[PDB]
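The chain that follows stands alone, in the form deposited in one PDB entry, written as structure tokens.
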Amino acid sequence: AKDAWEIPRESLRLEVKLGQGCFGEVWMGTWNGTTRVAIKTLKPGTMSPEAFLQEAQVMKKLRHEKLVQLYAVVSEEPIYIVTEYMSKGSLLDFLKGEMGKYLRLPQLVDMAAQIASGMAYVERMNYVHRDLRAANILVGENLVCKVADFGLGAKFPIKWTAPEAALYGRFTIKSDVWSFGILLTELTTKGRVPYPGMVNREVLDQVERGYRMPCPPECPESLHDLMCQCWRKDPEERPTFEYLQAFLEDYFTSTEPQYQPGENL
């Protein structure tokens, strides 16, 4: 009964409450009085410990510079899960906030490449995300982006979920690629909700019949084409994250070498 990830309760200090749920809370804090960190709590009773510590177990095996890193854990109720802190918050909040007005296509595509890199790691390790979207991406200094999962049948983010997954429960790394496509629209519209003006029911009927969001204003058609590849009716058709990462990293030389800054992108 000795785990290296275990830390003493006295070493943690919850300073600012960041959110709540029926299962627990999230806070910004300090570890060992030197490291700022994010802290997730388990509300006693609501959910079973082991069902909760499952996540921490997964995070113990995953390690990549573009994936939120598990720092420590307090495995005996009340349980605490500790990770690195990301100075700029969710990508979604960053995108629509004061910073959103200054971000241009070169920055937004670099952020996508990083997310793609994080997802390419998830892909190589054979895991599935199931809720990839801007609200689950964290932003740090110098625009570093990392994939996370705030755990935000039950609530279904239909607008971000591939049809085969939202209808028939088939969640795979390919349904995540579909989500990445949607994420690219959030990036190019500065965090706007996808399928504007459409409720879940119509989004389901529409995509079902082949509908796909059009090219966002000032967004090069070549990037919209990437989105469409991500939204291919057939999972296998969809590109891999390894492909997506390389395509985005090389984007301004191989695909859009004549790129010129506009008003918003």
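Take the two forms, superpose them, and find the largest set of C-alpha atoms that agree within 1.5 Å; that set is the rigid core. Note that residue numbering begins at 1 and tracks the sequence as displayed.
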Practice item. Once the rigid core is lined up, would you tell me whether 230-238 or 52-60 has the higher RMS CA deviation in 5 other deposited structures of this protein? Key: 52-60
Revision key, fill the gap. Per-stretch CA RMS vs shown form in 5 other deposited structures of this protein, rigid core as reference, larger of 119-127/80-88 is 80-88
Check your understanding: Is residue 147 missing in a third or more of the other PDB entries that were compared?
Key -> no
Review point. Would residue 180 be found without coordinates in at least a third of the other compared entries?
Key: no
Practice item. Between residue 152 and residue 153, count the deposited residues left without coordinates and pick a bin: none, 1 to 3, 4 to 9, 10 or more. Key: 10 or more
Practice item. State which stretch shows the higher mean Cα B factor in the entry: 178-186 or 72-80. Key: 72-80
**Study point:** Between the two ranges 40-48 and 206-214, the one averaging a larger CA B factor in the entry
**Key:** 40-48
Study note, to complete from the structure: Note to self: of 97, 118, 157, 106, the C-alpha temperature factor tops out at 157
**Study point:** Selection by C-alpha B-factor (highest) of 67, 230, 223, 53
**Key:** 53
Revision key, fill the gap. Residue 196: C-alpha B-factor third of its chain, per the entry, is the middle
